[PDB]
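Single-letter residue listing:
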Amino acid sequence: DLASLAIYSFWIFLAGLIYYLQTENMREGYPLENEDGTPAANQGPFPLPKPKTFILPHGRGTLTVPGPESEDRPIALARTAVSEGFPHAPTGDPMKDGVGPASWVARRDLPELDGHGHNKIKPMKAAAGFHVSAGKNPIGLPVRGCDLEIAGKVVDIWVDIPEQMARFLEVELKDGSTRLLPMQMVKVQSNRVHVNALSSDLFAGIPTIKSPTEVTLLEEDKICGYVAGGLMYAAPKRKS
Amino acid sequence: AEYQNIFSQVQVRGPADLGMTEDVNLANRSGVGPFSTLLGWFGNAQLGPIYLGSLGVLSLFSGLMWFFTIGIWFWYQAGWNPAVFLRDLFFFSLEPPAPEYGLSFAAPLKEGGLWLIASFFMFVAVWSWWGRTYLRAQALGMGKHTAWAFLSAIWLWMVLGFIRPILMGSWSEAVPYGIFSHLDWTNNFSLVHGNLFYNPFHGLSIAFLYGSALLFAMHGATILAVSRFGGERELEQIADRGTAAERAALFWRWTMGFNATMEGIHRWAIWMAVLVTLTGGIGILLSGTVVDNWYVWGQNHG
Amino acid sequence: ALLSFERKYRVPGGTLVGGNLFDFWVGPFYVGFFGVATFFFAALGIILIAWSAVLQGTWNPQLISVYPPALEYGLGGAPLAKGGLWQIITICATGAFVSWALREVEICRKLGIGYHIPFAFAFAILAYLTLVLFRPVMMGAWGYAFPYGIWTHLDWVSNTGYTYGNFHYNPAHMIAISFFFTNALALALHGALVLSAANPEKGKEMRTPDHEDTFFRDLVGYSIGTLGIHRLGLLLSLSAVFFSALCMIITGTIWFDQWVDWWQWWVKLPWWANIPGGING
Ligand code: BCL
Ligand code: BCL
Ligand code: BCL
Ligand code: BCL
Ligand SMILES: CC[C@H]1c2cc3[nH]c4c(c3C)C(=O)[C@H](C(=O)OC)c4c3nc(cc4[nH]c(cc(n2)[C@@H]1C)c(C(C)=O)c4C)[C@@H](C)[C@@H]3CCC(=O)OC/C=C(\C)CCC[C@H](C)CCC[C@H](C)CCCC(C)C
Ligand SMILES: CC[C@H]1c2cc3[nH]c4c(c3C)C(=O)[C@H](C(=O)OC)c4c3nc(cc4[nH]c(cc(n2)[C@@H]1C)c(C(C)=O)c4C)[C@@H](C)[C@@H]3CCC(=O)OC/C=C(\C)CCC[C@H](C)CCC[C@H](C)CCCC(C)C
Ligand SMILES: COC(C)(C)C/C=C/C(C)=C/C=C/C(C)=C/C=C/C(C)=C\C=C\C=C(C)\C=C\C=C(/C)CC/C=C(\C)CCC=C(C)C
Ligand SMILES: CCCCCCCCCCCC[N+](C)(C)[O-]
Ligand SMILES: CCCCCCCCCCCC[N+](C)(C)[O-]
Ligand SMILES: CCCCCCCCCCCC[N+](C)(C)[O-]
Ligand SMILES: CCCCCCCCCCCC[N+](C)(C)[O-]
Ligand SMILES: [Fe+3]
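## Details of the overall build of chain A
- Secondary structure summary: chain A contains three helices and twelve strands in total.
- Expected size for 240 residues packed as a compact globule is a radius of gyration near 18 Å; at 23 Å, chain A overshoots this value by more than 25%.
- For chain A, the spread of C-alpha atoms along the three principal axes comes to 75 × 50 × 40 Å.
- Scored against the burial criterion, the 240 residues of chain A give a buried share of 52%.
- Looking at chain A alone, contacts between residues at least 24 apart form 55% of all its contacts between residues at least 6 apart.
- Total accessible area on chain A stands at roughly 10600 Å², and carbon and sulfur atoms take up 58% of it.
- Taking the average place of the 25 positive charges on the side chains of chain A and the average place of its 28 negative ones, the gap between the two points comes to 7 Å.

Below, the structure written as structure tokens:
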């Protein structure tokens, strides 16, 4: 009867849908590879999907996936075994090197633009009409690191204009140079801003941006990458 | 105590955003509203503006027409007595025309006609809002996903109060407007058709509902887990995969063996949820029009 | 074996327990110490479940079902065929679940991300623990637990439900359902919102977050926006499940009567209890 027809129908629908769904989720990082970068032998039952192209919005070009993958950057990792499936030890400073939990992908070196063509993200000094509206204003707080030592001072907040939201703190180092510090990895406090991933001695190592009114997608990644990795790599300096 | 980003810890404000101006008849958009700092702890503080306009207007109008045609009925029950009105608020009920009348539009106003008026108002309210959901996408040159997704919902509602009543031969087979009464109807609808736990669409529908919570839990916690690399900026990450997309995919590949892309995870999403009411609507539609009793059907499936 | 960008992530470290011992992969899968724990618990339990399938004398999965010790055994242990097997199986499930969470922690660390996912999962684990552990215990017998079988478990649901009347009236059950519905609504929207921006009208240029935000204000005149909707989803989910636990942990323990009747409190407030009219006079 209809019921049995409908339900058998549906289990069939659902199966091609998962299949659809799954191949659609194969537009990045495929096909698979061996630890050497050779194409692996077995890609599973699902084919690569027939490719699609994204028209990007401010003359910034085109994107077609699936397409050619390459980590367009050296990887400083030595194998630690004779067989697939083991960790690959860093051969240098995984921080300085950008491997591990400190990894970054070589994104574009343009900035994200709002819908109007202007840079999504700005230092608030150049962000016309913008002001801290609730919550402790960090600007002016000293910055502590996980070693319980001071590392700098906040000398502005880099705001996302269209979503109107603090994304980074800019910090002034002893140096007199500044770094960005992702909003999501600091505790703004009553009198200090505490940074747990980095001990004071590693802040200088936080990567720098070329323009000082501007970050690019590449520099966001290198930075967020850097300070995320400290969680693992600074942890010896990370005093309780 | 690492920071979690469930709550913004410093809020920031700027000139009211009046939004992109694609083909939006800008005449129709309202003025910016105030800013809730309350809301601002969680997400955006900008209340408003809103594009109202004929379809917005008609919808919004009848939306109240429906709401009010019910509420007075409640009052008429309460003996116009605001104590009673408050005491008995969930117990009141606007029920459909007695099955005597069936699909008749001639039921006395006091014996079911007040229900039809209310429904007629809801029908127009809901469809016009649907069309509103579409036009808004068109005027910004966006895909029409929100409208499709909205149909799924509309499907089950269509089926509950409209198609199934018609297919059964009477309006009495619909859902009464009332807080406690639509609960009862529901518990009873199951009892009559031999326990919906044996309707395999019902069971399918539960699996998706459970799964929508499953997934939105997975997706949400993941984006927050990688917002330290700007995960929430999903459009640009689609356009240019960041480490955020990569640690996201990777955490999941290493846990359970396969994974999504940033555009991908949102397809899992819209379908995982849209299937709740899509399956749902069916389970109900066959119920009583074609299967009198799901146990008996469960026995020999024909 | 590896995704095209995987290898620089496959570094050593992040393990909670046992150093480099189990710090390695198998296919895509990461094996913790806890990779091993969960395997062992999962093996054992699936074994005991088959052993039940034998004492029961089916292999058909629609029939297999593994009930708790009956109410006489209380919170003691039953003979295997008489409820012991379920009790172990329950111990093993717990072992599996917790372990699976800890491994998510260990992956989190290696990748350098937050712990929000292990976090949210512990609410599911908690919902399960409520029905098979906290409630049974507070009630006083393993026998109040649901049974491990595909339909028999729907049956527990239904009778347990119908024990207290129409279970709709359980007020925390009302709260918990509103989130389930609300969450699905929000997952519907979020998904649709992104896809429609990433996949615009045609030869039209991939829209923007600003477009996304704009679409909503036009529509309903406010937009939680993109950090928000992900914070929203995590919350509605966790809340649905949180209230689901609630509504059960109170049922049978501090309320054992018909749920509809608990509503009498409202209606019997003394400043209207005695008025004549409406539904209740
Ligand atoms: C799904 C299958 C059944 C059914 C089964 C159930 C069951 C069972 C339950 C509900 C519940 C709800 N149902 Mg129902 N319900 C159905 C179809 C509907 C339809 C419809 C098709 O048009 C509507 C409007 C509702 C509406 C409602 C709400 C009253 C309530 C929570 C809504 C929600 O979570 O939305 C999610 C998101 C939204 C944004 C809409 C929210 C709407 C708000 C305003 C409702 C809050 C009520 C409040 C204002 C009452 C007064 C409070 C003070 C004490 C004065 N149901 C069909 C007939 N419904 C739950 C409930 O608690 O009811 C009492 C519940 O337990
Ligand atoms: C929490 C609420 C109630 C309850 C009420 C209901 C109701 C009501 C229904 C179900 C339904 C289902 N329930 Mg139940 N269920 C409960 C607790 C459980 C437990 C519990 C141990 O934690 C589990 C594992 C299940 C599992 C299941 C599935 C068999 C089925 C589809 C669920 C789904 O899509 O979820 C979403 C999750 C996913 C999509 C992820 C993948 C899940 C897969 C499907 C898990 C299957 C596991 C199963 C085959 C056993 C494997 C165990 C051993 C390793 C072999 N329920 C409690 C008692 N359950 C529906 C059904 O149709 O089954 C009869 C249904 O109508
Ligand atoms: C005693 C009760 C019976 C039973 C009888 C029913 C009945 C009857 C029905 C369900 C339905 C459902 N049941 Mg059942 N069900 C039982 C036990 C369960 C259990 C459980 C045991 O734990 C669970 C988890 C469920 C879960 C569910 C859902 C999966 C499903 C509805 C999905 C939905 O989101 O609709 C919510 C969404 C909507 C109603 C869509 C409406 C959208 C419209 C357009 C909203 C417009 C709003 C309006 C214009 C006003 C504006 C709003 C205000 C501004 C606020 N059932 C038992 C066996 N169940 C439905 C189903 O699909 O079954 C197959 C259904 O009809
Ligand atoms: C006749 C039935 C009664 C009734 C009786 C009950 C009873 C009794 C219960 C509920 C519960 C619930 N009801 Mg009710 N309910 C009714 C009608 C409804 C309808 C209806 C449509 O109106 C709705 C929407 C609901 C909705 C709901 C939810 C609030 C809740 C179930 C989800 C949950 O708890 O997640 C919790 C999630 C879990 C337990 C999942 C845990 C999963 C674990 C951690 C891991 C699984 C791993 C698995 C083994 C993996 C397999 C391996 C493979 C590799 C996959 N009820 C009617 C009136 N309802 C249940 C509840 O609240 O529980 C606390 C419950 O016990
Ligand atoms: C896949 C199905 C799931 C889902 C999805 C879903 N719902 C949707 C959509 C989607 C994808 C839409 O895009 C659409 C939407 O508009 O999103 C915001 C919608 C929608 N889902 C809604 C509700 C809803 N969805 C439900 C369920 C579900 N929706 C599932 C979870 C339910 C349940 C659980 O039963 C409810 C309660 C609406 C918010 C919205 C459609 C709104 C609508 O159609 O109403 C028309 C207008 C009126 C009725 C106006 C009157 C409203 C009140 C009765 C009067 C008081 C309020 C008034 C506005 C005050 C005005 C004061 C004046 C002085 C100005
Ligand atoms: C906030 C709670 C919501 C949610 C979230 C959620 N679930 C999660 C996560 C999160 C955050 C994970 O990261 C984790 C995951 O890895 O997902 C892919 C998971 C997970 N949630 C799962 C299921 C699940 N979650 C559910 C619900 C929910 N999970 C909520 C909607 C349900 C419901 C709706 O019932 C189910 C069925 C798994 C897919 C996965 C956890 C997998 C796992 O724990 O592995 C360890 C165990 C095994 C491999 C096998 C179990 C071995 C046992 C010893 C044998 C079986 C015993 C059992 C008692 C049988 C009972 C069967 C009968 C009831 C039919
Ligand atoms: C506070 O004081 C005031 C004045 C504000 C009054 C208060 C008002 C109140 C308290 C109102 C309360 C309303 C409530 C609680 C409504 C609840 C509804 C619920 C619980 C569920 C609704 C389910 C109903 C559905 C499924 C109905 C579906 C309807 C249809 C699909 C349309 C039916 C079609 C019709 C009759 C055909 C008309 C003609 C055409 C165009 C074909
Ligand atoms: C229009 C739908 C909006 C739903 C979002 C509401 C979430 C509010 C959460 C609390 C916000 C503020 N806080 C932190 C002070 O609690
Ligand atoms: C979005 C893809 C995930 C869909 C989940 C499919 C598994 C659900 C199994 C439900 C068991 C159902 N049935 C029909 C016997 O009742
Ligand atoms: C429902 C769970 C599906 C998980 C899919 C996992 C894909 C694994 C690919 C084969 C890897 C093989 N192995 C373990 C033999 O090395
Ligand atoms: C944190 C572990 C929780 C596992 C829950 C297992 C429930 C059954 C355990 C009781 C077994 C026997 N008893 C009553 C003699 O103790
Ligand atoms: Fe998302």
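## Things to note about unusual backbone geometry
- Of the consecutive residues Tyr30 of chain A and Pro31 of chain A, the connecting peptide bond is found in the cis state with omega at 0°.
- Inspection of the secondary structure puts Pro31 of chain A in the loop between α1 (2-24) and β1 (52-56).
- For the peptide bond that leads from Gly48 of chain B to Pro49 of chain B, omega is 10°, which places it in the cis range.
- Within the element layout of this structure, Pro49 of chain B appears in the loop between β1 (11-13) and α1 (54-77).
- Positioned with a positive phi, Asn195 of chain B is a non-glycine residue whose angle comes to about 80°.
- Note that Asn195 of chain B resides in the loop between α5 (179-192) and α6 (200-225).

## Some thoughts on the domain arrangement of chain A
Residue and element names in this part refer to chain A.
- Per the domain assignment, the segments making up chain A are domain 1 (2-106) and domain 2 (107-239).
- The gap between the C-alpha centroids of domain 1 and domain 2 is 30 Å.
- Summed over both sides, the interface of domain 1 with domain 2 buries roughly 1400 Å², with 64% coming from carbon and sulfur.
- Interface area lost by domain 1 to domain 2 is led by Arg60, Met95 and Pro101, which between them contribute 50%.
- For the interface between domain 1 and domain 2, the tally reads zero salt bridges.

## Re the interface of chain A and chain B
- On the chain B side, the residues contacting the 72 residues of chain A number 56 residues.
- Summing the contributions of chain A and of chain B, the shared interface buries around 5300 Å²; its carbon and sulfur component is 57%.
- Among the residues chain A hides against chain B, the three largest losses belong to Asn25, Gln164 and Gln184 of chain A. Together they make up 12% of the total.
- At the boundary of chain A and chain B, one finds six salt bridges.

## Digging into empty space enclosed by the protein
- In total, this model carries six cavities of 30 Å³ or more according to the counting rule given.
- Quantified by volume, the largest cavity comes out at close to 280 Å³.
- Lining the largest cavity are 24 residues; nearest its centre among them are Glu163 and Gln164 of chain A together with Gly43, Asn44 and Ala45 of chain B.
- In terms of residue class, the lining of the largest cavity is built from nine nonpolar, ten polar and five charged.
- Empty space within the second largest cavity amounts to approximately 190 Å³.
- Forming the walls of the second largest cavity are 17 residues, and the residues nearest its centre are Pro57, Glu112 and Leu113 of chain A, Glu236 of chain B together with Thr208 of chain C.
- Of all the secondary structure elements, the ones that give two or more residues to the lining of the second largest cavity are α7 (234-239) of chain B together with α6 (209-220) of chain C.

## Re the site of ligand 4
- Around ligand 4, 24 residues are found, and the nearest of them are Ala127, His168, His173, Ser244 and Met248 of chain C.
- Site remark: ligand 4 is flanked by residues from chains B and C.
- Note that a nitrogen atom of ligand 4 is positioned 3.0 Å from one of the side-chain N or O atoms of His173 of chain C.
- A distance of 3.1 Å separates an oxygen atom of ligand 4 from a polar atom in the backbone of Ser244 of chain C.
- If you list the elements that add at least two residues to the shell around ligand 4, you get α3 (116-139), α4 (152-162), α5 (171-198) and α7 (225-249) of chain C.
- Among the residues forming the shell around ligand 4, the class breakdown is 18 nonpolar, six polar and no charged.
- Lining the shell around ligand 4 are residues from two domains, each supplying at least three of them: domain 1 (1-163) and domain 2 (164-263) of chain C.

## Observations regarding the coordination of the magnesium atom of ligand 1
- You will see that the magnesium atom of ligand 1 has only one donor from the protein, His182 of chain B (NE2), lying 2.2 Å away.
- Relative to the helices and strands, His182 of chain B is located in helix α5.

## Some remarks on the packing of aromatic side chains
- In the structure shown here, the tally under the stated rule is 56 aromatic pairs over all chains.
- Consider the rings of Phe90 of chain B and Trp263 of chain C, whose centres lie 6.2 Å apart with planes at 90°: the pair is edge-to-face. With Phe90 of chain B in the loop between α2 (82-87) and α3 (109-138) and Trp263 of chain C in the loop between α7 and α8 (264-267), this pair bridges two chains.
- A relative accessible area of 13% means that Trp263 of chain C is categorised as buried.
- When the ring of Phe105 of chain B is compared with that of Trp171 of chain B, the centres are 5.9 Å apart and the planes differ by 90°; the resulting orientation is edge-to-face. With a gap of 66 residues between them, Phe105 of chain B in the loop between α2 and α3 and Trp171 of chain B in the loop between α4 (145-168) and α5 connect regions that are remote in the sequence.
- When its relative accessible area of 72% is taken as the criterion, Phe105 of chain B is described as exposed.
- An aromatic cluster is defined as three or more aromatic residues linked by ring pairs; in this entry it consists of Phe90, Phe91 and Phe180 of chain B together with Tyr169, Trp255, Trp259, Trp262, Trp263, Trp265, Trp266, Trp271 and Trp272 of chain C.
- Here the guanidinium or amino end of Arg73 of chain A rests over the ring plane of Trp104 of chain A, the centre of that ring lying 4.1 Å away.
- It is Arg132 of chain B that lies over the ring of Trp129 of chain B; its NZ or CZ is 4.6 Å from the centre.

What counts and how
Residues numbered from 1 in each chain as written, not as in the entry; some residues may be left out. Chains lettered and ligands numbered in written order. Heavy atoms only, no water. Helix = DSSP H or I, 4+ residues; strand = E, 2+ residues; numbered from the N terminus. Rg over C-alpha atoms; globule rule 2.2 N^0.38 Å. Buried < 20%, exposed > 50% of the residue type's maximum accessible area, 1.4 Å probe, protein only. Contact = heavy atoms within 4.5 Å. Areas by Shrake-Rupley, 256 points an atom, 1.4 Å probe, with all protein chains shown as cover. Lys, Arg positive; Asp, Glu negative; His and termini not counted. Charge placed at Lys NZ, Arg CZ, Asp CG, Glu CD. Domains from an automatic or database assignment. Buried area = accessible area lost by both parts, 1.4 Å probe. Salt bridge = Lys/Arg side-chain N within 4 Å of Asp/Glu carboxyl O. 1 Å grid on protein atoms, 1.4 Å probe; cavity = no way out; pocket = protein on both sides within 12 Å on 5 of 7 lines; lining within 4 Å. Points joined across faces, edges and corners; volume = space filled by probe spheres on them. Nonpolar A, V, L, I, M, F, W, Y, C, P; charged D, E, K, R; others polar. Near = heavy atom within 4 Å. Polar contact = N/O pair within 3.5 Å; in protein donor to acceptor, adjacent residues only side chain to side chain. Donors = N, O, S within 2.8 Å, 3.2 Å for Na, K, Ca; no water. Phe/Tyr/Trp six-rings, centres within 6.5 Å; stacked < 30°, edge-to-face > 60°. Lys NZ or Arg CZ within 6 Å of the ring centre and 35° of its normal.

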